[PDB]
Amino acid sequence: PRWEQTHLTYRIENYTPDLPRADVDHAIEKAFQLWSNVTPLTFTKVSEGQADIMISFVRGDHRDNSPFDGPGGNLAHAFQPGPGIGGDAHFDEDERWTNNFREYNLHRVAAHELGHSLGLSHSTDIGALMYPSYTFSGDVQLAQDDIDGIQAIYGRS
Ligand SMILES: COc1ccc(S(=O)(=O)N(Cc2cccnc2)[C@@H](C(=O)NO)C(C)C)cc1
Ligand SMILES: [Ca+2]
Ligand SMILES: [Zn+2]
Ligand SMILES: [Zn+2]
């Protein structure tokens, strides 16, 4: 399935103590801009009511069929675009998140999780952010394969 609406809303359930909210909001807001900058889609944060995309951080087992197994395993995951828990996105909080080319990068994982909510499947292109495993690349930018793909679904800005 896909979102038939041209506008989407998202909301953060809570911010992790690892980093403040101003820094995390920037990372999450920046990712939406990268997708909106190449697509007529629009995003808006809501402080009340249900949001199309819910973002929250979890640890160890959190009432899910895919509990995290220590720092190894998946670093994050999300549910297919659907009602109820569908569209929700969980982030592994057992690892330390940073705001720069440090060990891990939150904005980068945020950009990938959003791609899954947009209905984008994984790709085999090295320059594609939708890399199957977690790999360190260079700058965070959308690849032509991702731009052509999302644009093909909706259209060009
Ligand atoms: C920067 O983009 C990334 C975001 C998350 C990850 S992830 O390690 O959590 N992971 C990839 C994975 C791990 C182990 C075995 N098979 C697959 C999920 C994935 O591909 N998420 O996008 C998947 C298993 C739920 C990796 C890269
Ligand atoms: Ca992990
Ligand atoms: Zn989870
Ligand atoms: Zn993925």
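Using the numbering of Swiss-Prot, the residues shown for chain A are 107-263, in order.
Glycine is treated like the rest: Cβ placed from N, Cα and C.
According to Swiss-Prot, the feature N-linked glycosylation site maps to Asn120. Take the CB of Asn120 (N-linked glycosylation site) and look out to 10 A: across all protein chains shown you find 9 other CB atoms.
Sequence-distant contacts of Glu199 (Ca(2+) 1 binding site), defined by Cβ-Cβ distance under 8 angstroms and a gap of at least six in the same chain, are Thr122, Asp124, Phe163, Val164, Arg165. DSSP assigns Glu199 (Ca(2+) 1 binding site) to coil in the three-state reduction, outside any helix or strand. The Ca(2+) 1 binding site annotation in Swiss-Prot covers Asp124, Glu199.
For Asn143, the entry in Swiss-Prot reads site 'Not glycosylated', with the evidence type experimental evidence. Of all Cβ atoms in the shown protein chains, 10 besides its own fall within 10 Å of the Cβ of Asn143 (site 'Not glycosylated'). DSSP classifies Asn143 (site 'Not glycosylated') as coil under the three-state reduction.
When other Cβ atoms within 10 Å of the Cβ of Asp194 (Ca(2+) 2 binding site) are tallied across all protein chains shown, the result is 17. The Ca(2+) 2 binding site annotation in Swiss-Prot covers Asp158, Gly190, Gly192, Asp194 and is backed by experimental evidence.
Sequence annotations record features per position, and here Swiss-Prot assigns Zn(2+) 1 binding site to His168, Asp170, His183, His196. Counting every protein chain shown, the number of other Cβ atoms lying within 10 Å of the Cβ of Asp170 (Zn(2+) 1 binding site) is 12.
The annotation Ca(2+) 3 binding site is assigned in Swiss-Prot to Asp175, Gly176, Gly178, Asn180, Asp198, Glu201. In the three-state DSSP scheme, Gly176 (Ca(2+) 3 binding site) is classed as coil. Neighbour density for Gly176 (Ca(2+) 3 binding site): within 10 A of its CB lie 8 other CB atoms from the protein chains shown.
In the three-state DSSP scheme, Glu219 (active site) is classed as helix. Non-local contacts of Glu219 (active site) by the CB criterion (under 8 A, 6+ apart in sequence, same chain) comprise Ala182, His183, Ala184, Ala195, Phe197. Among the features that Swiss-Prot reports, active site is placed at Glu219.
The Ca(2+) 2 site is set by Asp158, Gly190, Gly192, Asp194; from the centre of their CB atoms, other residues of the chain with a CB within 8 Å are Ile159, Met160, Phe185, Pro187, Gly188, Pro189, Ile191, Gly193. Between the candidate binding-site residues, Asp124, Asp158, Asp175, the densest Cβ environment within 10 Å is the one around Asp158.
Taken in sequence order, the recorded positions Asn120, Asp124, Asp158, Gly178 that lie near ligand 3, meaning a CB under 6 Å from one of its atoms, form an empty set. Those same-chain residues not listed among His168, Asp170, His183, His196 yet with C-beta within 8 angstroms of the centroid of the Zn(2+) 1 site C-beta atoms are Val164, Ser172, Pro173, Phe174.
Here the candidates are the recorded positions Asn143, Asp158, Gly178, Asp194, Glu201. The one whose C-alpha lies nearest to that of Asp170 (Zn(2+) 1 binding site) is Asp194.
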